[PDB]
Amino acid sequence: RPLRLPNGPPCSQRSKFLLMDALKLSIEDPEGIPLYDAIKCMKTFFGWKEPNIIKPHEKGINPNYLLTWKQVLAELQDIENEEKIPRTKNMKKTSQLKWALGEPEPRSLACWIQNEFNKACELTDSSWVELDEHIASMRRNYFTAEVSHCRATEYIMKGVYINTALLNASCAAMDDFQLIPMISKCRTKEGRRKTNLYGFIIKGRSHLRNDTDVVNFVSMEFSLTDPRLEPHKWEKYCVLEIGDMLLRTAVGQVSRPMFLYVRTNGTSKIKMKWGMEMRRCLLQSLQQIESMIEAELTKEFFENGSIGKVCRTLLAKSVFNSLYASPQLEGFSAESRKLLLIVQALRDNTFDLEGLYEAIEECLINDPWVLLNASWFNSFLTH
């Protein structure tokens, strides 16, 4: 029997930062202080204009999201009028920030999450990580050659950076609404080092005494994605239009609007610690590959369907497990693992299985990643 997926409106984005829809402002061969870098990145864009709301947050105070972005711009203009750029910027505690910083309906699967996953498996033009017995050695280098440019690896480094920055600011600046650039770094195909700005978050108060204590934040992320194409994906966001980008195409130059995706969010101490640990995804998926290799001859696997895609696909699954971590995901994977073994055991053809299905399917509510894996599971069943 196939798994029963819930009915309801399309599921919506719930990651801590944009994935496929992200947009970088970058500077090449920059130099180390986040705020400094962020400003220089901002200055590379000249299409800025008066911001306006173009897709409202249905459940939020929309003017507050717009005032917040205007405030970020204003305080950035201030710290450029200062003699020396400060090491960090604590935002004025305005009414819009105080509100923004806070001071289960079933959903159907929509195609955007499979699309996200597909994007995560792809190669990018940039290298996102450098290579840090001898049989175990050759494997680490070949594997790394295959995933260092992978988009999922960008997500890892992006996630490590923002969780490190947020966790540190949470400890060092507990009562400040600190402004925190979202940054990553990479190397181009020609070897040039590049610094990337995705946007900003602003932290709320953060006396994180326990691992489960939550710090609130508001995230502000650049994008060229028009949210009106997939409104359901963006139910948690206010989207602003903030500039115009002149884009060079083989058809000519095209003007496209730049958007800012804004939402309020929160994360706990322990999720941030896991966030800092996302490079484990590289190791964890390398081990799965070695398990396949040690079932037979290392040079043969990586020199001779294709090994590159298998690496990147395992990495993306691992990365997406981290990005979309949840009790439901843990419930689904632990339980569906049991059904799989039982079904696979029928290569030979607590009582019944009615109980097992209930355990699996009650994990299937509204989480897009869990729902997608369910859809994958059904394909495995229906074959």
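All residue numbers are counted from 1 along the displayed sequence.
In the deposited entry, the stretch joining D132 to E133 is interrupted by 4 to 9 residues of the deposited sequence lacking coordinates. According to the record, the deposited sequence contains 10 or more residues between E103 and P104 that were left without coordinates. When 305-313 is weighed against 247-255, 247-255 comes out higher, by mean CA B-factor as recorded in the entry.
When the C-alpha B-factors of 361-369 and 15-23 are averaged, 361-369 comes out higher. Of the candidates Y65, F351, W48, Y324, the PDB record gives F351 the highest C-alpha temperature factor. Across the residues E221, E122, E83, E277, the deposited record lists the maximum Cα B factor for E83. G266: CA B factor in the lowest third of modelled residues in this chain (values from the PDB entry).
Among the modelled residues of its chain, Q288 has a C-alpha B-factor that falls in the highest third according to the deposited record. Remark: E154 belongs to the lowest third of its chain, ranked by C-alpha B-factor as recorded. Among all modelled residues in its chain, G191 ranks in the highest third by Cα B-factor. Remark: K203 belongs to the lowest third of its chain, ranked by C-alpha B-factor as recorded.
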